Amino acid sequence: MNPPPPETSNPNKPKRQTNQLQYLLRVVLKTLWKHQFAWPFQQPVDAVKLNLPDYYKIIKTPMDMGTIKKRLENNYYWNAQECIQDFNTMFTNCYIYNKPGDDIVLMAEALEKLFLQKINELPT
Ligand SMILES: O=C1CCCN1Cc1cc(Cl)c2cccnc2c1O
């Protein structure tokens, strides 16, 4: 089985919209989305389809840009740092499950550098 995907809404959790969260969606996520290396990260890891049956035996806090996009569109986050933490979880998961120099890791590392450049300055 794949596990249930991470939540993209939670009525118990307070919502917020900030200039910085708007920028993470309009500029950061939407630019990374178009990168040629973004496709493995645009949805939860489908362990069944991809025949990685040990993925969720290893990765206990999964995250992906499809989930982040939905969360941003939902105003699920309280602040930009919560969203940035999801991006970092997504990258770290890929480095945990895979090995240095792997093709998928080279893709994550290219996205991560672009992500870091984009968040170097956020709006006020
Ligand atoms: O780790 C991550 C980060 C986002 C996707 N993903 C899982 C994944 C997907 C694919 Cl197509 C792989 C292909 C070859 C080797 N490894 C793979 C892999 O580990």
# chains A, B, ... in the order shown; residues from 1 in each chain; ligands from 1
$ closest_atom_pairs --of "chain A" --to "ligand 1" --cutoff "6 Å" --atoms "only C-alpha atoms and all ligand atoms" --output "Markdown table"
| residue | atom | partner | partner_atom_place_in_ligand_line | distance |
| --- | --- | --- | --- | --- |
| A:40 | CA | ligand 1 | 5 (C) | 4.5 |
| A:41 | CA | ligand 1 | 4 (C) | 4.7 |
| A:45 | CA | ligand 1 | 5 (C) | 5.5 |
| A:94 | CA | ligand 1 | 1 (O) | 3.9 |
| A:97 | CA | ligand 1 | 1 (O) | 5.9 |
| A:98 | CA | ligand 1 | 19 (O) | 5.7 |
| A:104 | CA | ligand 1 | 17 (C) | 5.8 |
$ residues_around --residues "residue 108 in chain A" --least-positions-apart "3" --cutoff "10 Å" --atoms "only C-alpha atoms" --output "ChimeraX atom specification"
/A:37-38,40-41,90-95,102-105,111-114
$ write_last_selection --atoms "N, CA, C and O atoms" --output "short mmCIF file (atom, residue, chain, number, x, y, z; two decimals), in the first residue's frame"
data_model
loop_
_atom_site.label_atom_id
_atom_site.label_comp_id
_atom_site.auth_asym_id
_atom_site.auth_seq_id
_atom_site.Cartn_x
_atom_site.Cartn_y
_atom_site.Cartn_z
N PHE A 37 13.54 19.33 -13.96
CA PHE A 37 13.75 18.28 -12.97
C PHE A 37 12.63 18.22 -11.93
O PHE A 37 12.75 17.47 -10.95
N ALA A 38 11.55 18.98 -12.11
CA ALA A 38 10.52 19.02 -11.07
C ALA A 38 9.60 17.81 -11.07
O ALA A 38 8.98 17.53 -10.04
N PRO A 40 9.58 14.50 -10.70
CA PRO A 40 9.48 13.46 -9.66
C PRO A 40 8.87 13.97 -8.38
O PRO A 40 8.42 13.17 -7.56
N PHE A 41 8.83 15.29 -8.21
CA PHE A 41 8.45 15.95 -6.97
C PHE A 41 7.09 16.60 -7.03
O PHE A 41 6.70 17.28 -6.07
N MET A 90 10.99 17.72 1.93
CA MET A 90 10.96 17.06 0.63
C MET A 90 12.38 16.78 0.13
O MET A 90 12.68 15.68 -0.33
N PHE A 91 13.26 17.78 0.20
CA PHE A 91 14.63 17.56 -0.28
C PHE A 91 15.35 16.55 0.60
O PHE A 91 15.98 15.60 0.09
N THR A 92 15.24 16.70 1.92
CA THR A 92 15.96 15.81 2.82
C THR A 92 15.51 14.36 2.65
O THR A 92 16.35 13.44 2.66
N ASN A 93 14.20 14.13 2.49
CA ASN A 93 13.70 12.78 2.22
C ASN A 93 14.42 12.15 1.04
O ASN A 93 14.79 10.97 1.06
N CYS A 94 14.60 12.93 -0.03
CA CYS A 94 15.21 12.37 -1.22
C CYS A 94 16.66 12.00 -0.96
O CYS A 94 17.13 10.96 -1.43
N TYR A 95 17.39 12.83 -0.20
CA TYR A 95 18.77 12.49 0.16
C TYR A 95 18.83 11.32 1.14
O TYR A 95 19.84 10.59 1.17
N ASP A 102 23.24 9.88 -7.11
CA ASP A 102 22.13 9.28 -7.83
C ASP A 102 21.43 10.31 -8.72
O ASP A 102 21.39 11.50 -8.40
N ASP A 103 20.84 9.83 -9.82
CA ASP A 103 20.16 10.73 -10.75
C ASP A 103 19.07 11.53 -10.04
O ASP A 103 18.95 12.75 -10.23
N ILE A 104 18.26 10.87 -9.22
CA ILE A 104 17.18 11.60 -8.54
C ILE A 104 17.77 12.61 -7.56
O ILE A 104 17.21 13.71 -7.38
N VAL A 105 18.90 12.29 -6.94
CA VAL A 105 19.54 13.21 -6.01
C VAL A 105 20.08 14.43 -6.75
O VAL A 105 19.98 15.56 -6.27
N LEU A 111 17.10 21.51 -7.82
CA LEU A 111 15.92 22.23 -7.35
C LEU A 111 16.22 22.96 -6.05
O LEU A 111 15.76 24.09 -5.85
N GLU A 112 16.97 22.32 -5.15
CA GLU A 112 17.22 22.92 -3.85
C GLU A 112 18.02 24.21 -3.99
O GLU A 112 17.76 25.19 -3.29
N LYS A 113 19.00 24.22 -4.90
CA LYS A 113 19.78 25.43 -5.11
C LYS A 113 18.91 26.55 -5.66
O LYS A 113 19.01 27.70 -5.22
N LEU A 114 18.03 26.22 -6.61
CA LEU A 114 17.11 27.21 -7.15
C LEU A 114 16.16 27.70 -6.07
O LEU A 114 15.86 28.90 -5.98
#
$ select_by_dssp --residues "range 1-123 of chain A" --states "helix (DSSP H, G or I)" --output "NGL selection string"
:A and (19-34 or 39-41 or 47-50 or 55-58 or 65-74 or 80-97 or 103-119)
$ closest_residue --among "A:67, A:31, A:124, A:74" --to "residue 87 in chain A" --atoms "only C-alpha atoms"
A:67
$ residues_around --residues "residue 122 in chain A" --least-positions-apart "2" --cutoff "8 Å" --atoms "only C-alpha atoms" --output "list in words"
residues 20, 23, 118, 119, 120 and 124 of chain A
$ residues_around --residues "residue 44 in chain A" --least-positions-apart "2" --cutoff "9 Å" --atoms "only C-alpha atoms" --output "MDAnalysis selection string"
chainID A and resid 5:6 40:42 46:47 62:67
$ write_last_selection --atoms "N, CA, C and O atoms" --output "CSV table (one decimal), in the first residue's frame"
chain,number,residue,atom,x,y,z
A,5,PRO,N,-1.9,10.3,1.6
A,5,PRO,CA,-1.0,11.4,1.4
A,5,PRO,C,-1.1,12.4,2.6
A,5,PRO,O,-2.1,12.4,3.3
A,6,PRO,N,-0.1,13.3,2.8
A,6,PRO,CA,-0.2,14.3,3.8
A,6,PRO,C,-1.4,15.2,3.7
A,6,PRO,O,-1.9,15.5,2.5
A,40,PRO,N,9.6,14.5,-10.7
A,40,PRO,CA,9.5,13.5,-9.7
A,40,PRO,C,8.9,14.0,-8.4
A,40,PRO,O,8.4,13.2,-7.6
A,41,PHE,N,8.8,15.3,-8.2
A,41,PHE,CA,8.5,15.9,-7.0
A,41,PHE,C,7.1,16.6,-7.0
A,41,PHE,O,6.7,17.3,-6.1
A,42,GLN,N,6.4,16.5,-8.1
A,42,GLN,CA,5.1,17.2,-8.3
A,42,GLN,C,3.9,16.4,-7.7
A,42,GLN,O,2.8,17.0,-7.7
A,46,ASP,N,4.7,7.6,-5.3
A,46,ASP,CA,3.8,6.5,-5.5
A,46,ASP,C,4.7,5.3,-5.5
A,46,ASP,O,5.3,4.8,-6.5
A,47,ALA,N,4.8,4.7,-4.3
A,47,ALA,CA,5.7,3.5,-4.1
A,47,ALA,C,5.2,2.3,-4.9
A,47,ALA,O,6.1,1.5,-5.4
A,62,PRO,N,6.7,12.0,4.7
A,62,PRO,CA,6.8,12.3,3.2
A,62,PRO,C,6.3,13.7,2.9
A,62,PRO,O,5.4,14.3,3.6
A,63,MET,N,6.9,14.3,1.9
A,63,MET,CA,6.4,15.6,1.4
A,63,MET,C,6.8,15.8,-0.1
A,63,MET,O,7.8,15.2,-0.5
A,64,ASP,N,6.0,16.6,-0.8
A,64,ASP,CA,6.1,16.8,-2.2
A,64,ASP,C,5.5,18.1,-2.6
A,64,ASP,O,4.8,18.7,-1.8
A,65,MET,N,5.9,18.6,-3.8
A,65,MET,CA,5.4,19.9,-4.2
A,65,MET,C,3.9,20.0,-4.5
A,65,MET,O,3.3,21.0,-4.5
A,66,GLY,N,3.3,18.8,-4.9
A,66,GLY,CA,1.9,18.8,-5.1
A,66,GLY,C,1.2,19.1,-3.8
A,66,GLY,O,0.2,19.9,-3.8
A,67,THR,N,1.6,18.4,-2.7
A,67,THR,CA,1.0,18.7,-1.4
A,67,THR,C,1.3,20.2,-1.0
A,67,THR,O,0.3,20.8,-0.5
$ atom_distance --atom1 "CA of residue 33 in chain A" --atom2 "CA of residue 123 in chain A"
20.1 Å
$ closest_residue --among "A:117, A:81, A:22, A:2" --to "residue 48 in chain A" --atoms "only C-alpha atoms"
A:2
$ closest_residue --among "A:82, A:54, A:109, A:121" --to "residue 68 in chain A" --atoms "only C-alpha atoms"
A:82
$ residues_around --residues "residue 11 in chain A" --least-positions-apart "2" --cutoff "12 Å" --atoms "only C-alpha atoms" --output "ChimeraX atom specification"
/A:7-9,13-15,74-77
$ closest_residue --among "A:19, A:10, A:36, A:85" --to "residue 61 in chain A" --atoms "only C-alpha atoms"
A:85
$ decode --residues "range 67-112 of chain A" --atoms "C-alpha atoms" --output "PDB file, in the first residue's frame"
ATOM      1  CA  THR A  67       1.043  18.704  -1.419  1.00  0.00           C
ATOM      2  CA  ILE A  68       2.790  22.045  -0.788  1.00  0.00           C
ATOM      3  CA  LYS A  69       0.915  23.636  -3.689  1.00  0.00           C
ATOM      4  CA  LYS A  70      -2.441  22.467  -2.331  1.00  0.00           C
ATOM      5  CA  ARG A  71      -1.506  23.676   1.163  1.00  0.00           C
ATOM      6  CA  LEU A  72      -0.591  27.125  -0.154  1.00  0.00           C
ATOM      7  CA  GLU A  73      -3.791  27.313  -2.214  1.00  0.00           C
ATOM      8  CA  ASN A  74      -5.750  26.324   0.953  1.00  0.00           C
ATOM      9  CA  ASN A  75      -3.979  28.959   3.120  1.00  0.00           C
ATOM     10  CA  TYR A  76      -3.079  25.959   5.297  1.00  0.00           C
ATOM     11  CA  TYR A  77       0.155  27.497   6.644  1.00  0.00           C
ATOM     12  CA  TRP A  78       0.457  30.083   9.417  1.00  0.00           C
ATOM     13  CA  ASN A  79       3.689  31.589   8.049  1.00  0.00           C
ATOM     14  CA  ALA A  80       6.362  31.194   5.389  1.00  0.00           C
ATOM     15  CA  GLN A  81       8.678  29.251   7.716  1.00  0.00           C
ATOM     16  CA  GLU A  82       6.143  26.415   7.971  1.00  0.00           C
ATOM     17  CA  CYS A  83       6.078  26.193   4.180  1.00  0.00           C
ATOM     18  CA  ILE A  84       9.851  26.430   3.831  1.00  0.00           C
ATOM     19  CA  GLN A  85      10.113  23.549   6.305  1.00  0.00           C
ATOM     20  CA  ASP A  86       7.967  21.384   4.013  1.00  0.00           C
ATOM     21  CA  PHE A  87      10.264  22.131   1.067  1.00  0.00           C
ATOM     22  CA  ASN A  88      13.278  21.157   3.158  1.00  0.00           C
ATOM     23  CA  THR A  89      11.587  17.928   4.284  1.00  0.00           C
ATOM     24  CA  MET A  90      10.962  17.058   0.627  1.00  0.00           C
ATOM     25  CA  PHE A  91      14.627  17.563  -0.279  1.00  0.00           C
ATOM     26  CA  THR A  92      15.957  15.808   2.823  1.00  0.00           C
ATOM     27  CA  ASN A  93      13.702  12.782   2.222  1.00  0.00           C
ATOM     28  CA  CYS A  94      15.211  12.374  -1.223  1.00  0.00           C
ATOM     29  CA  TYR A  95      18.767  12.487   0.156  1.00  0.00           C
ATOM     30  CA  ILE A  96      17.793   9.994   2.878  1.00  0.00           C
ATOM     31  CA  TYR A  97      16.174   7.372   0.625  1.00  0.00           C
ATOM     32  CA  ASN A  98      18.757   7.707  -2.169  1.00  0.00           C
ATOM     33  CA  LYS A  99      22.528   7.965  -2.429  1.00  0.00           C
ATOM     34  CA  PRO A 100      24.912  10.839  -3.238  1.00  0.00           C
ATOM     35  CA  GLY A 101      25.292  11.229  -6.980  1.00  0.00           C
ATOM     36  CA  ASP A 102      22.125   9.280  -7.833  1.00  0.00           C
ATOM     37  CA  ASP A 103      20.163  10.728 -10.745  1.00  0.00           C
ATOM     38  CA  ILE A 104      17.185  11.598  -8.542  1.00  0.00           C
ATOM     39  CA  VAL A 105      19.538  13.210  -6.013  1.00  0.00           C
ATOM     40  CA  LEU A 106      21.126  15.360  -8.722  1.00  0.00           C
ATOM     41  CA  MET A 107      17.606  16.520  -9.584  1.00  0.00           C
ATOM     42  CA  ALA A 108      16.772  17.360  -5.957  1.00  0.00           C
ATOM     43  CA  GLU A 109      20.080  19.215  -5.524  1.00  0.00           C
ATOM     44  CA  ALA A 110      19.401  21.357  -8.598  1.00  0.00           C
ATOM     45  CA  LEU A 111      15.923  22.227  -7.345  1.00  0.00           C
ATOM     46  CA  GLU A 112      17.223  22.921  -3.846  1.00  0.00           C
TER      47      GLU A 112
END
